[PDB]
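Per-entry structural report
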Amino acid sequence: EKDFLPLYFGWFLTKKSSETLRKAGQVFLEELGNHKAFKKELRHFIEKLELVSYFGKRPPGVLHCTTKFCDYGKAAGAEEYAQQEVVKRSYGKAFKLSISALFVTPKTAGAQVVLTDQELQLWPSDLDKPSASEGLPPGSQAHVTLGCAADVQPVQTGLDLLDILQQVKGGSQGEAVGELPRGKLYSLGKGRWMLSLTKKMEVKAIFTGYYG
Ligand SMILES: Nc1ncnc2c1ncn2[C@@H]1O[C@H](CO)[C@@H](O)[C@H]1OP(=O)(O)O
Ligand SMILES: [Cl-]
């Protein structure tokens, strides 16, 4: 009989790295909601809005950077991803993930992950809406979800990041609207915001499979 697959594969941050990022994420949301530029534009996003409340679904376990959602084999391309030599070799192995930005949209809040070439070997080739189908390099939408609005799915986060990076690719980033302690704040319109970190945040994570 066939072995079924994980619910998903990905890099699971260590306890310390997950907590560090979770805290940084929450501080960004607090700082962003307090920011004059954010308060000004509040009409294109949805007394002040507490974004920690707004993103009212948060990952309950450790934070992670998903590679391939498999749904135990039920997802397209799951078996082909899982049988890869590099996935088997990397299973249980520790990696460093670099985070270059934090972002918010009306649907999601996340961290942008900039994968190394080694790590891109674990990035699936068969994603719906791959980076390449928008002229972005593969794995450009790698992320760690920090929170979701109530009616949103965690998947949305990668789509939101791709849309943000499409825009930044058009150079439509705009002058920074603010200088937060850990970087420059950009208003991308339509309720989309990016904090571009002065120093990339490195987190430690283990590549493996989650079954729930
Ligand atoms: N097509 C899909 N359907 C469900 N979850 C997906 C998915 N693609 C990626 N994921 C990720 O798999 C995990 C379980 O649902 C979530 O963390 C989720 O989003 P995330 O990577 O943005 O957090
Ligand atoms: Cl891709």
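**A few points about the site of ligand 1**
Contacts to ligand 1 come from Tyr8, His64, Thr66, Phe69, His143, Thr145, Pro154, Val155 and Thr157. One nitrogen or oxygen atom from the side chain of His143 is found 2.7 Å from an oxygen atom belonging to ligand 1. Protein contact buries 70% of the 460 Å² of open area that ligand 1 shows by itself. Going through the elements one at a time, β2 (64-69) and β5 (143-148) are the ones with two or more residues in the shell around ligand 1. Looking at the shell around ligand 1, the element that brings in the most residues is β2, giving three residues. Of the residues in the shell around ligand 1, the class split is four nonpolar, five polar and no charged.

**Notes on helix α7 (residues 156-169)**
With 14 residues, α7 should reach 20 Å at 1.5 Å per residue; the first-to-last C-alpha distance of 20 Å fits that figure. Residues of α7 that are buried: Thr157, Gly158, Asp160, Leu161, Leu162, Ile164, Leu165 and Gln167. On its buried face, α7 is in contact with β3 (94-104), β4 (108-114), β5, β7 (183-189) and β8 (192-210). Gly171 lies just past α7 and shows a positive phi near 70°.

**Observations regarding the UniProt feature "active site" in the chain**
The residues that UniProt annotates with the feature "active site" are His64 and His143. On the basis of their most widely separated C-alpha atoms, the annotated residues across 80 residues gather in one place, lying no more than 8.2 Å apart. Residue position: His64 is located in strand β2. When sequence neighbours within four positions are dropped, the list of residues in contact with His64 reads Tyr8, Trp11, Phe12, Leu13, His143, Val144 and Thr145. Polar side-chain contacts of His64 include one of 3.3 Å to the side chain of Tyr8. Tracing the chain through its elements places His143 in strand β5. With residues up to four places along the chain from it excluded, the contact list for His143 reads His64, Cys65, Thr66, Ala111, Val113, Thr157, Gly158 and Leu161. Within the local environment of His143, its side chain forms a polar contact with the backbone oxygen of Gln141, the two atoms lying 2.8 Å apart.

**Overview of a nonpolar patch on the surface**
On the surface, a cluster of nonpolar side chains totalling about 400 Å² of accessible area is made up of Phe4, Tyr72, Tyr91 and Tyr211. Considering the arrangement of structural elements, one finds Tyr91 in the loop between α5 (85-90) and β3. A relative accessible area of 35% means that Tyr91 is categorised as partly exposed.

**Notes on the UniProt feature "binding site: substrate" in the chain**
Annotation from UniProt places "binding site: substrate" at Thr66 and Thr145. For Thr145, a relative accessible area of 13% puts it in the buried group. Once residues within four sequence positions are removed from consideration, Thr145 is found in contact with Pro59, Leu63, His64, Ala109, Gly110, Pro154 and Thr157. Separated by 3.1 Å, the side chains of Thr145 and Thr157 make a polar contact.

**Description of the environment of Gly61**
Position of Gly61 relative to the elements: it lies in the loop between α3 (51-54) and β2. For the pair formed by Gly61 and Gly209, sequence separation is 148 residues and the distance between their alpha carbons is 14 Å.

**A short note on the state of the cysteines**
What we call a disulfide is simply a covalent bond connecting the sulfur atoms of a pair of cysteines. What the rule picks out here adds up to zero disulfides. Lacking any disulfide linkage, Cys65 is separated from the closest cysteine sulfur, that of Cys70, by 14 Å.

**What to know about the side chain of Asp160**
Within the secondary structure layout, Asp160 lies in helix α7. Salt bridges are absent for the buried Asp160, whose nearest opposite-charge side chain, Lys107, sits at 6.3 Å. Ignoring sequence-local partners within four residues, the contact set of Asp160 consists of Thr105, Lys107 and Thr108.

**Some remarks on the side chain of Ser100**
Within the secondary structure, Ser100 is located in strand β3. Accessibility expressed as a relative area gives 13% for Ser100, which makes it buried. With near-sequence residues (within four places) excluded, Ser100 lies in contact with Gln112, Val114, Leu195, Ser196, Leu197 and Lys200.

Definitions and limits used
Residues numbered from 1 in each chain as written, not as in the entry; some residues may be left out. Chains lettered and ligands numbered in written order. Heavy atoms only, no water. Near = heavy atom within 4 Å. Polar contact = N/O pair within 3.5 Å; in protein donor to acceptor, adjacent residues only side chain to side chain. Areas by Shrake-Rupley, 256 points an atom, 1.4 Å probe, with all protein chains shown as cover. Helix = DSSP H or I, 4+ residues; strand = E, 2+ residues; numbered from the N terminus. Nonpolar A, V, L, I, M, F, W, Y, C, P; charged D, E, K, R; others polar. Expected span 1.5 Å × (residues − 1). Buried < 20%, exposed > 50% of the residue type's maximum accessible area, 1.4 Å probe, protein only. Contact = heavy atoms within 4.5 Å. UniProt positions renumbered as here; feature names shortened; annotations may be inferred. Patch = residues over 30% accessible without salt bridge, like charges linked within 9 Å, V, L, I, M, F, W, Y side chains within 5 Å. Salt bridge = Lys/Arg side-chain N within 4 Å of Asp/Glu carboxyl O. Disulfide = S-S within 2.5 Å. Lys, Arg positive; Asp, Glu negative; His and termini not counted.

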